[PDB]
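The data below hold one chain only, encoded as structure tokens and taken in the form solved without ligand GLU.
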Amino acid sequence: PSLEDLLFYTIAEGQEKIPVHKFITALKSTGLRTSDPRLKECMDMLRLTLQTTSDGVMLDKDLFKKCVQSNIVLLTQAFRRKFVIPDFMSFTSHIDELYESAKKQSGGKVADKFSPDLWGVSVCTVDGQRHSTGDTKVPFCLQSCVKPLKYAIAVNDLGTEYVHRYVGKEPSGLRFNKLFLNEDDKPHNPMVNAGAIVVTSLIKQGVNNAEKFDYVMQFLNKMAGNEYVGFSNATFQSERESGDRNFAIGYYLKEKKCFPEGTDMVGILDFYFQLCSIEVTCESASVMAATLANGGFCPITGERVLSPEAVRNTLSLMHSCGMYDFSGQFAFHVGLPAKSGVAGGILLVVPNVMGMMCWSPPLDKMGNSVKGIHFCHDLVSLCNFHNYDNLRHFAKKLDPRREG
């Protein structure tokens, strides 16, 4: 028995000692990055023993074991390739190829502000492995990408039954999106502005709007492994000064008695416009994506955020309702819960595998980003990620969950 030192020999070719860069690149290549929270101890003790000399440094089998003792369990499976993507290093080189192939899709137009050449993809597997290519550190607002996230919080806190005494669950229709309420005098489902507004009103009833936004922020922090979540006051005041269509939905719901008892209607939209201006980066948000890919458990902190009840329902509804009018075709050709917003954002989710976020600000005639859409077609072109692809017989596709 000797678990920590079995990885020393695995990195030290039956050898004297190893430099630390040789451990660092043999850890940067496992997908993981030196920044993983679950890796903090081990990474701390390397910041320590590097200052031990001004040497290499170079690690003993006991000096090594002293840093990796802490996180040894998720360290072995990284170097014993027990991650849901074993060969993470090649699978990035196609993400880069799918990125540059999609880089030339020129058509589209922004809404009305960013510059129309920006284009980033970022990836986070249900285990931690990360990759980014292109402009993945530039912030943008979620906008409607938040609609799944706040729906989860709501059923997380209330339960399916209560949450669905006020909103329905099926998709609208392709020329039935102009309506607000369904036959039961409830909104169609929580991915349309009509039902997203009734769900924004169930979140912590009895408390006020300053406090409520914190509560969401602390949920959304947990889902993103405490990576970047921000807030444009800018796009907030634009959102509440052009949201005429949204005030419309507001008053209709007040009269048809669709809000819970004693809901300051105007308080609730004010909140909603805030929620849409929350900022993220590509990298920030792929973690949020991967929290849903992972049953309500953040992949880079192991902290459980979302009841599974909540994760199931949010994914069922991103499937049918998440691309606006394109979701029926999306759920057909790509067949992945996804959620686009008008920023260029697609909160792609590959259940039990990984999580993504794409960003090109040029949008198409339906409200989806041009390069964003194209990408997902080429991604499920290549690998058997479509929800009803077979994991055993998948013809000429590539399953990154296997090796060789």
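Note that residue numbering begins at 1 and tracks the sequence as displayed. If you superpose the two forms and keep the largest set of C-alpha atoms that fall within 1.5 Å, you have the rigid core. Only residues modelled in both forms are compared.
The form deposited with ligand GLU bound is left out here; the points below concern that form.
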Worksheet item: Thinking of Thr10, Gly31 and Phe83 as the candidate spot, does ligand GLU come within 4.5 Å of a heavy atom on all of them in the entry with it bound?
Response: no
Item to complete: Counting non-hydrogen atoms within 4.5 angstroms of ligand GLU in the entry with it bound, say which of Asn193, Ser320, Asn189, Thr92 makes the cut.
Response: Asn193
Worksheet item: With ligand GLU left out of view, which of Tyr324, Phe297, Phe236, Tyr99 would have a heavy atom within 4.5 Å of it in the entry with it bound?
Response: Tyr324
Discussion item. Can you tell me if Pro351 lies within 4.5 angstroms of ligand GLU in the entry with it bound, counting non-hydrogen atoms only?
Written reply: no
Fill in: Contact of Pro362 with ligand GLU in the entry with it bound (heavy atom, 4.5 Å)
no
Worksheet item: Heavy atoms within 4.5 Å of ligand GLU in the entry with it bound: does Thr136 have any?
Response: no
Practice prompt. Examine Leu27 and determine whether its closest non-hydrogen atom to ligand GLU in the entry with it bound is within 4.5 angstroms.
Written response: no
Worksheet item: Tell me which of 69 to 77, 118 to 126, 215 to 223, 239 to 247 has residues with heavy atoms within 4.5 angstroms of ligand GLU in the entry with it bound?
Response: 239 to 247
Worksheet item: Can you tell me which residues in 269 to 303 come within 4.5 angstroms of ligand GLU in the entry with it bound, by heavy atoms?
Response: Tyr272, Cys276
Fill in: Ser54 C-alpha shift between the shown form and the other one of 2 Å or more, rigid core reference
yes
Response to the item:
Once the two forms are fitted on their core, the residues forming runs of at least three in a row with C-alpha displacements of 2 Å or more between the shown form and the other one are 53 to 56
